[PDB]
Amino acid sequence: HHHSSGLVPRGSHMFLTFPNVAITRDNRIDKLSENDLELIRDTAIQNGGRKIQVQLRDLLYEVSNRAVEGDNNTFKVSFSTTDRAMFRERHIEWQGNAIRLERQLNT
């Protein structure tokens, strides 16, 4: 970066970034910590069913609570992009990681 190492980008609850996310030998996310999952859950809850963004390694995931009516503590994971090159190149791991994140959020 063209800025001092004593300065970092200001964060937002709209965009959560998890730096040291463990990777599995099959090129997938491992189990996130309980504190990480609770932070994602609480942030999605505070946004009342509207999507928040979650950065795991170098990919972006969209997460919302209110996945189903009746239970607000149900979480949905999706992803979206415009650049065809990144989708063409990463869609398989992106989808698999999205499944895993959803599974961890609801277990």
# chains A, B, ... in the order shown; residues from 1 in each chain; ligands from 1
>>> residues_around(residues="stretch 67-79 of chain A", least_positions_apart="5", cutoff="8 Å", atoms="only C-alpha atoms", output="list in words")
residues 41, 45, 49, 60, 61, 62, 94, 95, 98, 99, 101, 102, 105 and 106 of chain A
>>> residues_around(residues="residue A:46", least_positions_apart="5", cutoff="12 Å", atoms="only C-alpha atoms", output="VMD selection string")
chain A and resid 13 to 14 39 to 41 51 to 52 63 to 66 72 to 73
>>> residues_around(residues="residue A:15", least_positions_apart="3", cutoff="8 Å", atoms="only C-alpha atoms", output="ChimeraX atom specification")
/A:11-12,52-55
>>> closest_residue(among="A:17, A:59, A:47, A:5", to="residue A:91", atoms="only C-alpha atoms")
A:59
>>> residues_around(residues="residue A:21", least_positions_apart="6", cutoff="7 Å", atoms="only C-alpha atoms", output="PyMOL selection string")
chain A and resi 29+32+56-57
>>> write_last_selection(atoms="N, CA and C atoms", output="mmCIF file, in the first residue's frame")
data_model
loop_
_atom_site.group_PDB
_atom_site.id
_atom_site.type_symbol
_atom_site.label_atom_id
_atom_site.label_comp_id
_atom_site.auth_asym_id
_atom_site.auth_seq_id
_atom_site.Cartn_x
_atom_site.Cartn_y
_atom_site.Cartn_z
ATOM 1 N N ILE A 29 -12.592 -23.903 3.147
ATOM 2 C CA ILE A 29 -12.463 -23.311 4.470
ATOM 3 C C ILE A 29 -12.618 -24.407 5.545
ATOM 4 N N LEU A 32 -14.501 -22.249 11.285
ATOM 5 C CA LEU A 32 -14.202 -20.936 11.863
ATOM 6 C C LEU A 32 -14.342 -21.052 13.377
ATOM 7 N N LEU A 56 -13.522 -14.158 3.550
ATOM 8 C CA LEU A 56 -12.824 -15.357 4.029
ATOM 9 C C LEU A 56 -11.718 -15.576 3.015
ATOM 10 N N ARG A 57 -10.442 -15.419 3.445
ATOM 11 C CA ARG A 57 -9.269 -15.452 2.561
ATOM 12 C C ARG A 57 -9.410 -14.293 1.570
#
>>> atom_distance(atom1="atom CA of residue A:33", atom2="atom CA of residue A:19")
12.1 Å
>>> decode(residues="stretch 22-40 of chain A", atoms="N, CA and C atoms", output="mmCIF file, in the first residue's frame")
data_model
loop_
_atom_site.group_PDB
_atom_site.id
_atom_site.type_symbol
_atom_site.label_atom_id
_atom_site.label_comp_id
_atom_site.auth_asym_id
_atom_site.auth_seq_id
_atom_site.Cartn_x
_atom_site.Cartn_y
_atom_site.Cartn_z
ATOM 1 N N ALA A 22 -8.331 -20.830 8.340
ATOM 2 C CA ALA A 22 -7.715 -22.122 8.080
ATOM 3 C C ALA A 22 -8.303 -22.759 6.841
ATOM 4 N N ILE A 23 -7.418 -23.269 5.984
ATOM 5 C CA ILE A 23 -7.764 -23.976 4.759
ATOM 6 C C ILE A 23 -7.479 -25.458 4.934
ATOM 7 N N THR A 24 -8.382 -26.281 4.367
ATOM 8 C CA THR A 24 -8.387 -27.740 4.312
ATOM 9 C C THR A 24 -7.561 -28.151 3.077
ATOM 10 N N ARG A 25 -6.999 -29.379 3.090
ATOM 11 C CA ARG A 25 -6.207 -29.895 1.975
ATOM 12 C C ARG A 25 -7.025 -30.018 0.674
ATOM 13 N N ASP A 26 -8.376 -29.999 0.751
ATOM 14 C CA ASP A 26 -9.219 -30.010 -0.448
ATOM 15 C C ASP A 26 -9.540 -28.574 -0.997
ATOM 16 N N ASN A 27 -8.799 -27.530 -0.511
ATOM 17 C CA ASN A 27 -8.926 -26.127 -0.952
ATOM 18 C C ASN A 27 -10.308 -25.507 -0.538
ATOM 19 N N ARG A 28 -10.693 -25.779 0.712
ATOM 20 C CA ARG A 28 -11.939 -25.332 1.292
ATOM 21 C C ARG A 28 -11.669 -24.738 2.652
ATOM 22 N N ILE A 29 -12.592 -23.903 3.147
ATOM 23 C CA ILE A 29 -12.463 -23.311 4.470
ATOM 24 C C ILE A 29 -12.618 -24.407 5.545
ATOM 25 N N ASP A 30 -11.832 -24.323 6.595
ATOM 26 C CA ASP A 30 -11.956 -25.232 7.724
ATOM 27 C C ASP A 30 -13.013 -24.603 8.641
ATOM 28 N N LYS A 31 -13.195 -25.164 9.835
ATOM 29 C CA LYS A 31 -14.145 -24.671 10.812
ATOM 30 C C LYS A 31 -13.663 -23.310 11.380
ATOM 31 N N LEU A 32 -14.501 -22.249 11.285
ATOM 32 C CA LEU A 32 -14.202 -20.936 11.863
ATOM 33 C C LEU A 32 -14.342 -21.052 13.377
ATOM 34 N N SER A 33 -13.754 -20.116 14.147
ATOM 35 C CA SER A 33 -13.901 -20.171 15.607
ATOM 36 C C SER A 33 -15.359 -19.844 15.988
ATOM 37 N N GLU A 34 -15.769 -20.179 17.211
ATOM 38 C CA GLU A 34 -17.108 -19.877 17.699
ATOM 39 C C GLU A 34 -17.325 -18.381 17.820
ATOM 40 N N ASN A 35 -16.268 -17.626 18.220
ATOM 41 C CA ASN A 35 -16.302 -16.155 18.319
ATOM 42 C C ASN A 35 -16.534 -15.537 16.935
ATOM 43 N N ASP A 36 -15.904 -16.086 15.878
ATOM 44 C CA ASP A 36 -16.047 -15.646 14.483
ATOM 45 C C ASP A 36 -17.473 -15.857 13.992
ATOM 46 N N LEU A 37 -18.018 -17.072 14.224
ATOM 47 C CA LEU A 37 -19.394 -17.424 13.874
ATOM 48 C C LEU A 37 -20.409 -16.568 14.634
ATOM 49 N N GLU A 38 -20.148 -16.301 15.919
ATOM 50 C CA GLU A 38 -21.036 -15.453 16.726
ATOM 51 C C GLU A 38 -21.018 -14.013 16.254
ATOM 52 N N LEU A 39 -19.836 -13.505 15.867
ATOM 53 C CA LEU A 39 -19.723 -12.174 15.303
ATOM 54 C C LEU A 39 -20.525 -12.083 13.973
ATOM 55 N N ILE A 40 -20.412 -13.087 13.084
ATOM 56 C CA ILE A 40 -21.156 -13.100 11.817
ATOM 57 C C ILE A 40 -22.661 -13.123 12.077
#
